[PDB]
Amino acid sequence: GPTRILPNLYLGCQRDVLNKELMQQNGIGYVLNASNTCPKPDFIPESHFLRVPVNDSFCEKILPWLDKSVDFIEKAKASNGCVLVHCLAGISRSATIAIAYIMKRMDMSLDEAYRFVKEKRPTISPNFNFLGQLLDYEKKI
């Protein structure tokens, strides 16, 4: 199933969200959907969910949705909820948002945070467009 990254934070793909059972076992209360095409699981309250409507491409901008994204994760840990960040495959888009979240909360650089997520979920390979943007985010922080 989906990969635990942190306590209360999971990183996965759409097959993970659509799987009622797996979702019930991990405790997935919230959903950050990072795709235009992947639908919300019939079982998540709208308010408990978030789409970050981005494509997996070289021209897409996923930097301006970063702040929003981390807050949504933070907010959901405050209510003591468990968040699944996903997109179609959990390889590029969602992995990018997870890493940004790691960078912020653990005071890590891109290189460090990428390695942190990569060790837990070895299939991650965000494109260089997203990685360049994450470097730009490293600066803001």
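Residues carry their position along the shown sequence, with the first being 1.
Relative to one another, 128-136 and 18-26 have unequal mean CA B-factors, and 18-26 is the one with the higher figure. A summary of the deposited B-factors shows that, of 53-61 and 38-46, the stretch with the larger mean C-alpha value is 38-46. Within the listed group 97, 78, 106, 91, the record reports its top CA B-factor for 78. Which of 66, 82, 102, 87 has the largest Cα B-factor in the deposited entry comes down to 82.
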